[PDB]
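Student: Could you work out the structure for the sequence below:
(chains A, B and C, ligands or ions: 3)
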Amino acid sequence: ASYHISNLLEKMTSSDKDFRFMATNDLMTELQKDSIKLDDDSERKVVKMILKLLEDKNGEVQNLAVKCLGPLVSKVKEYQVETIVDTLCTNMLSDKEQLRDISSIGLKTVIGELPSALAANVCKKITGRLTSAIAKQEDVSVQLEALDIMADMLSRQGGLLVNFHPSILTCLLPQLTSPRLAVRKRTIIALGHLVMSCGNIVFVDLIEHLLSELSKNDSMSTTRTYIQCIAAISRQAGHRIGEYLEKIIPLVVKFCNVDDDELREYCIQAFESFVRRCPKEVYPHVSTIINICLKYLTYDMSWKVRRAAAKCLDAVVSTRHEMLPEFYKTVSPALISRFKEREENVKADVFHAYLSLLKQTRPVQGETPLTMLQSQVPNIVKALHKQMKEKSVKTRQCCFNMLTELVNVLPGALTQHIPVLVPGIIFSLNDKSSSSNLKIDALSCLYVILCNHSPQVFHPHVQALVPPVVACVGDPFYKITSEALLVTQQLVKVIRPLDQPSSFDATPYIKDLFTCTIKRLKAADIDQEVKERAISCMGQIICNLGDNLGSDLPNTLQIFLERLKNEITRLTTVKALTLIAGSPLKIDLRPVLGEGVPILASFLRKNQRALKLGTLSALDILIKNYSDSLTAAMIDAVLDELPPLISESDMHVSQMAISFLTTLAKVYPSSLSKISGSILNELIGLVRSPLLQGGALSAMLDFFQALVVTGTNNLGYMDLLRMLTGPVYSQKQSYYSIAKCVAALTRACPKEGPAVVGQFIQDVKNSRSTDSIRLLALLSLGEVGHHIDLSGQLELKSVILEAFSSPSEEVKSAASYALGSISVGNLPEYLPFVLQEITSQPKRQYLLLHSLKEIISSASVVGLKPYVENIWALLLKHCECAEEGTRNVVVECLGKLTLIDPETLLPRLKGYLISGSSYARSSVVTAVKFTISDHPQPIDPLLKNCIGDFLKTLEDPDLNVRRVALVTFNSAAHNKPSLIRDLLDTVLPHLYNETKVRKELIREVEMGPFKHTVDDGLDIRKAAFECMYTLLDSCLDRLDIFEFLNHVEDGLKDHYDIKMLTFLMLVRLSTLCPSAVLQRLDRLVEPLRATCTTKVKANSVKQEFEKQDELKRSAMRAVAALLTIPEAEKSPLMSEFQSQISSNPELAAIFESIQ
Amino acid sequence: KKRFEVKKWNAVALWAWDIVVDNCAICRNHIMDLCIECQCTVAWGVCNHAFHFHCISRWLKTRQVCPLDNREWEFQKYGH
Amino acid sequence: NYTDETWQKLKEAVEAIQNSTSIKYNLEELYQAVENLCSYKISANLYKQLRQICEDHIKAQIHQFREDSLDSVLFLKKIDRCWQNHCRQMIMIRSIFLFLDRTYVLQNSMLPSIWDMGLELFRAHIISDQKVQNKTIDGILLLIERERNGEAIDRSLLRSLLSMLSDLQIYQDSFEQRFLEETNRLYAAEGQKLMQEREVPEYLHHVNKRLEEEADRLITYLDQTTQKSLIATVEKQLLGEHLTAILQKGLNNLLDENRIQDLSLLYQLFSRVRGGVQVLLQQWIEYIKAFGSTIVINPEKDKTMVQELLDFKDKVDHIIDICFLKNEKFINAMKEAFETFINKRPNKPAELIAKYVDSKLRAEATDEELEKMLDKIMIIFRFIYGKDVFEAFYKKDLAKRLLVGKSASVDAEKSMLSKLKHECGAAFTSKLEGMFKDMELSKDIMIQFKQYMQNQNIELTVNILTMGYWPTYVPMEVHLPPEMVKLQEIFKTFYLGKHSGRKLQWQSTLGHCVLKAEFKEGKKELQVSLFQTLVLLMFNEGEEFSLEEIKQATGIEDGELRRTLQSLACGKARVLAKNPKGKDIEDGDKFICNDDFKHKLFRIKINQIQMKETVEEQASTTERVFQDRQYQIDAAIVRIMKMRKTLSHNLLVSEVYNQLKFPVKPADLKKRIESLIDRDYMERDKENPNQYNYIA
Ligand SMILES: [Zn+2]
Ligand SMILES: [Zn+2]
Ligand SMILES: [Zn+2]
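Tutor: Numbers count the residues shown, from 1 in each chain, chains lettered A, B, ... in the order given. Ligands and ions are numbered 1, 2, ... in the order given. Coordinates below:
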């Protein structure tokens, strides 16, 4: 306001503490809003008034005044803000000391309230005064207070004052030679922020000055501050000190050499922030230049030299993974484990330095790196016997964490070492010396041991282990109690061994282990993490220690029932009860199943999902093992809750519930009077569904197989066929699902004779009956006749074979299935018919062979072996090009026959290969292609020998042989390269050859007036190129990248179809090996020039344009990738190209397109 | 023939305003024996005089200096 | 006969290039046989003629396609060659009938161009409808399906075929929204199977790959309209609809093990979905809130607390530096979440901070790692409700450091004053340096005591302090050897006669001094307490004294005496020896002066008793701050009632809580109100329990 501010400014000096306080405070809330009304007179009075109160006798008015200036600046004049600084900057020089503290603190407050526009003018006035204040004219804390604000400025607004950078530097350099050690350390922090926000020219001025003065050696008191400086720069700048270091590291080695507690300590920690921030420098020097200095204690300031050396090793191990395998494990553990005692702080960093080494040894997700560690185990154990009985809490904690990591990385490695460790655990565990923080680690470690070892190793030690563990369960503090119970949970699995039988005394501890747990379960009045761990544990105690437990069990079970109703513990008690019910020690549950099952059924609608799956899985294993407790009421409670669970939305929830019903069906055939409502109805909500998985499908077939056997009302056999087929007797994708489902019902209850019969006359009556109906009819026959012996009603064969010639090709393709699948059920009968039919008439040759595939692809291996040589003879005869598929269908049976047994057939193919025909040689190599599998298969060792024999004598043949030979190489290099990685030396010479344009194979076959040139050797080249893409994923280990990038060039100017493939080879190359690419980056960009600049003749069509325009943008898409390269990218032609693309509009309208 | 000799000595003494047998300069009862608007703790100021808080709070109403010095009154301690 | 010879001069040229059989006439002669045939009237039955034979050839191609082989990979390479041929034989007819397009059909807007027709016949007779089309879309989708696992396709085959559908406008239609339909059910299965089949780190490995494939498949052969609606299907299936279930089973783990690797990945991915970034923000808060409320709620962790609190804040900074790409939303989530847990424990966390720094400035030299300590301690201090608890505890621990032994560094104290008076106060420091002013006003009156008395003729350095500013000490009489009670009074009657009209009140608890030690194999000196010195001094008159005869000649209360003789004797086995020896001392215990002088260095410090906080004094120094609060409440209400005359109760509780940081639950506040009503400083009325009035 105008008069209210003419009011406050009078209250602001009314000689009362309370007056001045509230006046400022009210003004401080008004300046922190949008601030209504401050005329150009207020600015010259309010700011004149604030500055006064920075000298008040009351300090609280001083506080409000200082905290006022900040939220005043972002709401006032450009000229007025300058005026403030000039006051504070002169107040730095100061008269009274009170002013020197409050003005310096005020200046910090202002420096924060700067966001980029006006903030430059603010800082420029300050920076000009601080530089003159940093000047050497002797002042203890006038130099200091100025240096303090200087750092607080460059961290926030160091981006501004770019033209003031070389002003600051040339005034901070001669302050490192100050009498006060304090100044030197204060200037380092100031320089810390400078090296960051500045650019090269002034960074170099520092580094060189720093180096040349180090070379000057001059003064000892400075040389130590001058090394401290190279340190803090490595922290702040990081990669900036990357370049200037080959010049640096030698001089600092020449100094940690020199006799001095002080300086040597300051060099090792400088050496740290070189291998901690710039993994470029690679030097083993630092390792050895620590090993010597890691033990400098003669017999007090000396200690710190070790600690700094330990830190470095830890930060050298934390980065390098290639230095671990051989190197570290022999040179460091021999010294780390050695120096495992000393003074607590160095010990702690030494310990830590082995943890980092153990961190590094982790699984990747002669001798392996861990076998060396396996050898090192006994020395560590020996060392840790001494350490684990230590007074210090922190030392012993590093011991347990050491083991905890060790046991996780190399499990079982603490087997022959247990008895010399346990006393150490038991000590720290129960004696008063510890903290909560420590025994909780001692427990965790004990747990981690118990899990990853044979329960046998602990047997003779359960004596000293149980007493304190059980005592820990009863600890006051909640975080210990849970971890103690989580140990107790495994202790029971150590007396149990119900995986493998083992005679061990159990009874002496079931008294103590039981009571301590229920005292924590019957509490209901402590932390909920304990409440749950008590249940998770007591589960395992009941599961295992049942036959030795008193009449406490049935009453405690009731406690599990009451913890089940709880909104918090339920899930924990659900799976705690899942494990009890399924224990081989068949323990009672009859007294809590009565009401338990409904309370369990209830959970199903709580949509917790996690609880849904947990309760289902318990319902399964509760209905199984106690199928005599179940009432008709219990069941009807569960069934009327399941309908929402069966739905395509969630396959796994559904398929767990279905397979629960499968369990129900088999164990209480009475109960299923009920599923005729919603349950069944929604079970077809999964069949018709176009996402029914092969897993969840077979989880449902078993359900039907177990449902029509029970003979429940409504759900008969001939009843359920119409619940599946009804839908498809009216008018997407899986009709199959409805067939192999209807099949399972037939083989269940054999009123099959007629059920199969109505299905045949449904294909004969193709009049009126649609493909939607004739299709499902066939596929179902195949699925029924797969297990049943269908050689009955000839309204079969000659009716299936009628659908071989249906208007709908959908029908033909599933008619082929039907024949093939039907034959499996009686192989001796159909197989010499189908073999016979193939030669018989070519009029059905193709579709018949495709039935033969399904006969190979499904027959008993016991019952197909008799006919193996016959099939082979028939397939050999048929490499006729009557069609081309005719061959590729045979060249897939042959293939799948080779899978069936390879010993006799794999070299048999190599036999026909030796000197075949133009089409028989095509058949043998493609057969061996369909032998190549994704995951390793029991055929592949015998393959890894023969693929040499194939490929080597397959690159030399001709025509459409090389095309296949190169595809078979591709597939091998792509699917399982361990067939090819050790054959690439002999093969690559043959490959690169097929990358050059065959001049003989270009032929002129012009149509009419316009002339046309075709390239026969295009697809052998287009296939050879797709190998060089394939070999770039797994096989770059065995490659001459330079000789490779020769051929990348050919196809950079080759056919449009190929240019594409190599443009994507570049983008991968410029990442997977940026080193070799840049060396040849000259003759990689000009072929990309040609592909870009050449404009299409404006008279041509819609496609002709875009087909070349999508081409243009795969060249740029490829230029972009060559740009992100280890920076030396500005080579002759490339720097030219960067101005060329920023000149052209259209050629910029392509770089714009993608990124 | 002495085993112990006094080499250095660092004594410590606290200066305080001595007034009529420590008596509060307002209610003049004592300084640790209640006051007027009570018939309760010592209240030290910036100037360093001993007062009952009740009686010293009274003197912020009419004036703002201290009943012995003349410096504007503040607060430095609540307890003897 | 120029009329009907040309009508089939070209019908033997178009019939020649469709069967690749060369004729005589060329593009220079035929082009000029149609340029002079096409006039501005007869050209109507030329486009009608060209169509007439273009139908008769293309319509004969469909009868070639309907054969035996069903396998897509062969059938697709067939459509391909048919489209590669057709397309590349029309673009020769357009160059023959070049003068037909320039003139006639350029000016007939209703009739499509020579090429447009060429495609118009292909989308009507070869693809159009029936087996060929739907089994091509079936074939295209099958390669796509196989590419989504191990199998390798012909990437170029899919390129031309989808380009063809792009050139026939059938892409928009028969593919895109039936491709997506199939893509959506594929990642639905993966998104559910893989989630319950692997761990978050490994599931995120996969989703990044999967997304890389689609965004890569989008470029190679798919059409460019489908980007936005394809990628946002995968994200809606692998990330959307699973967010909460990921942070359910993964986030508590990924934070503990500190996987800056898999965290960084989780962020990049959770950025791509709308509700993503905010859901991680939600869960990240309630992890910090959780881990911190375990660090500070339990006292069984007081030993460490601050230290582990510092370690945590650093870990939480490192993650929001590198994983969370310095997101300002998160630093603000955490800063706020840190304040929420730090204060869920009343006063102890503020206190264990003060005791941390006190120990980090004690009797370590590397200030490069010491200033960085105070930095990150300050960085934690700003979160405290009740910063007053720290004020006093540090103030009283400053007393220890200032009078009983020296600080680790000379500058480090003045460096810590400087590092304090921001986010702390200007009055919170004027009391902190009111002590420093006493330190240097004393050593200034020391020279005026030292530069007079020596010519007039035990070395003595007194530090005279202002009783108001300093932790009010408890006095205790001490029977000082009559020679220093001389120097006590050669100085007392020097002080009162310079600093005028004051009292002085000597303290025995803060007195310390140095003793020359003479026994065997060592002349070493000892820095000891004013209590240690009297107990040791009386060993110049014979050896051994019972607890009784020491207590007589030294004059200490058993509260401190039992502690001092605990040191020197049985305490780490030092200089004395108890006859009935143990941990503690009793009424009839004797102490001989031990004549074996072990210590190796010179100037030994046995002054440990004077360094440690007694729980007598500790539980009491917290208690004095609680009492200190409800008096600043009085200093506050009076100041606000002074400025604004009237105020509401709900507008007065909202003023004091704004004015001071410390707890002050409104139940405490109503007591202090009526300790001013019933003393007439302010008045209730206007017939409501909600408004007050000043009256001075
Ligand atoms: Zn009084
Ligand atoms: Zn009183
Ligand atoms: Zn006074």
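
Student: So in that sheet, which strands flank the longest strand seen in chain B, and in what orientation?
Tutor: Longest among the strand segments of chain B by residue count, using DSSP state E, is strand B:8-17. According to DSSP bridges, strand B:8-17 forms sheet pairs with strand C:459-460 (parallel), strand C:463-466 (parallel), strand C:502-517 (antiparallel).

Student: Tabulate those strands in CSV, adding columns for mean neighbour count.
Tutor: Quick note: C-beta positions are derived from backbone N, CA and C, even for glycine. Listed next are the strands paired with strand B:8-17 as CSV, based on neighbours: other C-beta atoms under 10 Å in any protein chain shown:
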stretch, mean neighbour count
strand C:459-460, 16
strand C:463-466, 20
strand C:502-517, 19
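
Student: got JSON lines for these, with distance to residue B:13 too?
Tutor: Output for those, formatted as JSON lines (distance: least, C-beta to C-beta, whole Å):
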{"stretch": "strand C:459-460", "distance to residue B:13": "12"}
{"stretch": "strand C:463-466", "distance to residue B:13": "6"}
{"stretch": "strand C:502-517", "distance to residue B:13": "5"}
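
Student: Any idea which of those gets closest to residue A:295?
Tutor: Closest to residue A:295 of those, according to C-beta to C-beta: strand C:502-517, at 35.2 Å.

Student: which helices and strands sit right next to whatever helix or strand comes next after that closest one?
Tutor: Using DSSP states H and E, the helix or strand that follows strand C:502-517 in sequence is strand C:525-529. Identification of packing neighbours for strand C:525-529 by 3 or more C-beta pairs under 8 Å, 6 or more residues apart in numbering or on different chains; DSSP states H and E yields strand C:502-517, strand C:604-605.

Student: out of those, which comes closest to residue A:963?
Tutor: strand C:604-605 (91.4 Å).

Student: Just give the number of residues close to the closest residue to residue A:813 other than its chain neighbours.
Tutor: The shortest distance from residue A:813 to any non-neighbouring residue, by C-beta to C-beta, 6 or more residues apart in numbering or on different chains, is to residue C:70 (5.8 Å). By other C-beta atoms under 10 Å in any protein chain shown, 17 other residues sit near residue C:70.

Student: for residue C:410, same thing?
Tutor: A count of nearby residues for residue C:410, using other C-beta under 10 Å, gives 12.

Student: Longest helix in the chain, please.
Tutor: Because you didn't say which chain, this covers chain A. Criterion DSSP state H: the longest helix present in chain A is helix A:1102-1123.

Student: actually it's chain C I care about, not the one you picked
Tutor: Determined from DSSP H, the single longest helix within chain C is helix C:615-643.

Student: now for that helix, which elements pack on it?
Tutor: When contacts are defined as 3+ C-beta pairs under 8 Å, 6+ apart, helix C:615-643 sits against helix A:17-30, helix B:53-62, strand B:77-78, helix C:388-403, helix C:653-659, helix C:666-677.

Student: Can you check which of those gets nearest to ligand 3?
Tutor: Among those, the nearest to ligand 3 by C-beta to the ion is helix B:53-62 (9.9 Å).

Student: which helices and strands sit right next to the closest one?
Tutor: Applying 3+ C-beta pairs under 8 Å, 6+ apart, one finds that helix B:53-62 makes contact with strand B:43-44, helix C:615-643.

Student: close to chain C, is the first one?
Tutor: Yes. Contact between strand B:43-44 and chain C, assessed by C-beta under 8 Å from any C-beta of the partner chain, occurs at residue B:44.

Student: Measure how far that strand is from the centre of its chain, please.
Tutor: Taking C-alpha atoms, centre = their mean, to the nearest Å, one finds strand B:43-44 lying 6 Å from the centre of the chain it belongs to.

Student: Equivalent analysis for the last one, please.
Tutor: Centroid separation for helix C:615-643 versus its chain: 35 Å, with C-alpha atoms, centre = their mean.

Student: I'd like the next helix or strand past that helix.
Tutor: Downstream of helix C:615-643, the first helix or strand assigned by DSSP H and E is strand C:646-648.

Student: strands paired with that next one, and their directions?
Tutor: strand C:691-693 (antiparallel).

Student: buried stuff in the strand it pairs with?
Tutor: Neighbour counts over strand C:691-693 (16 or more other C-beta atoms under 10 Å in any protein chain shown) mark C:691, C:692 as buried.

Student: Might you calculate how far that strand sits from the centre of the chain?
Tutor: Computed by C-alpha atoms, centre = their mean, the chain-centroid distance of strand C:691-693 equals 46 Å.

Student: contacting residues around stretch A:536-550?
Tutor: Under the contact criterion C-beta atoms under 8 Å, 6 or more residues apart in numbering or on different chains, stretch A:536-550 has outside partners A:485-486, A:488-489, A:492-493, A:495-496, A:498, A:506-507, A:510, A:513-514, A:517-518, A:521, A:553, A:556-557, A:560, A:572-573, A:575-577, A:579-580, A:583, A:585, A:587.

Student: related to what we said a few turns ago, how about the helices and strands packed on helix B:53-62, which one is nearest residue A:648?
Tutor: Closest among the helices and strands packed on helix B:53-62, using C-beta to C-beta: helix C:615-643, at 64.3 Å.

Student: And the residue in chain C positioned nearest to ligand 3, how close does it get to residue A:930?
Tutor: Closest contact between chain C and ligand 3, by C-beta to the ion, is at residue C:468 (10.2 Å). To residue A:930, residue C:468 is 97 Å away according to C-beta to C-beta, to the nearest Å.
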